[PDB]
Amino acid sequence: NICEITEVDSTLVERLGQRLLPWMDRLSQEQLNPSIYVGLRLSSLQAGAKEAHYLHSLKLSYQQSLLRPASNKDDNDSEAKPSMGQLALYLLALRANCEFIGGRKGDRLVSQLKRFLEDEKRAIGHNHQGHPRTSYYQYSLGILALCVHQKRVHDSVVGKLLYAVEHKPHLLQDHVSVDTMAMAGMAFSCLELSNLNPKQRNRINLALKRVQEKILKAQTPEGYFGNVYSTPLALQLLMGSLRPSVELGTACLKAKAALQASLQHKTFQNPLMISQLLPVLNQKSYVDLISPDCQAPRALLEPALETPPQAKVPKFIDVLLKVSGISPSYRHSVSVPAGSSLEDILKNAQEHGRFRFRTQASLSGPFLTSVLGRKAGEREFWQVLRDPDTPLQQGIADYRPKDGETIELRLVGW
């Protein structure tokens, strides 16, 4: 397929996999990541005996956290439960090991996911006013995860996603847009291939064409679909063909070229990003989880085991931190070694000054939730920008500021 990546340098692929490798040893509840496991299984690489151990740890964690103790011992909280979107990714990890969800525990998890989607459908409502409590991204992911296990949702559930894709100047905010379209597209694709909602067949077919149209519309002059980090998900979808056009073929050539050029510059550091990219580089997508091949050999991944000693005096950078959207504005000047993350900078400011911040765990790493005591509310988030007004494309743990940058933390409501 013209949208498939064929010409990748194997040593670049190995380098990407090597970044995932140490995560295979990070087995705590808040570090376990079903997306990383899926990513490796659909790649051309393997982390040996570490993989099965990782999946056993996922099985233990998700099952014990999400299932039972009915009369919960004086708390109603303490454990750090995975979310329902995270449960969907867990269902994808099972498929990646060529398993179907089964037994009583399995049926219980399936019910919890179906209930999540039903609660989301009702939050949307009558089709008009109402957003999901989470996102259309997670809604799409839930449908897809049930679908690859051959579990059906009601026509009305699929209907809310179809409507969201269909109706006018579209619902989707710019940040989520390409990624959500790609994930919606993959759900539709699974539903079409599996014939789970036959009464919606034609509507699903048309929505698939519409998703492709919107993704192409979002191609940047560089050739990314949306941005570099949404390009792997979009290519996961577009490799699934359907409607081959010359416009699509041309778009895909530009996108693969842009993605390849970006890989030459160590662009992908975030494990979750790598996990979405590795399948594309092996001509696979989440839709392949309908009938996975666990018999196909993968190349063994070994660590670097070297680590570069300069024995030097490092270059320093001067950065200005700024906080806006709260009543008294805050600014902080720090000088740090070149290569320090924004997270390091925030920790430095908290240590050597009156800055304070809090994060919560996510599959993408530390998510910024509070700044100077102000926790982000219900439909609010702490947006991270390079001044002026340019939202960053990496989170706090991965963004490495350059000399003389002013970074802004802005409480916004989207």
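Just count from 1 along the sequence shown to find any residue number.
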Stretch with the higher entry mean CA B-factor, where the candidates are 353-361 and 49-57: 353-361
Assert higher mean C-alpha B factor (276-284 or 323-331, deposited values) equals 323-331
Out of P292, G142, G102, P314, highest CA B-factor residue: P314
Determine which member of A96, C252, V176, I204 has the highest CA B-factor, using the values in the deposited entry. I204
Among the modelled residues of this chain, does the Cα B factor of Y163 put it in the lowest, middle or highest third? highest
Here the Cα B-factor of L409, set against its chain, lands in the third termed lowest
Assigned third (lowest, middle, highest) for the C-alpha B factor of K151: middle
Lowest, middle or highest third: where is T11 by C-alpha B factor in its chain? highest
How does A257 rank on Cα B-factor within its chain, lowest, middle or highest third? middle
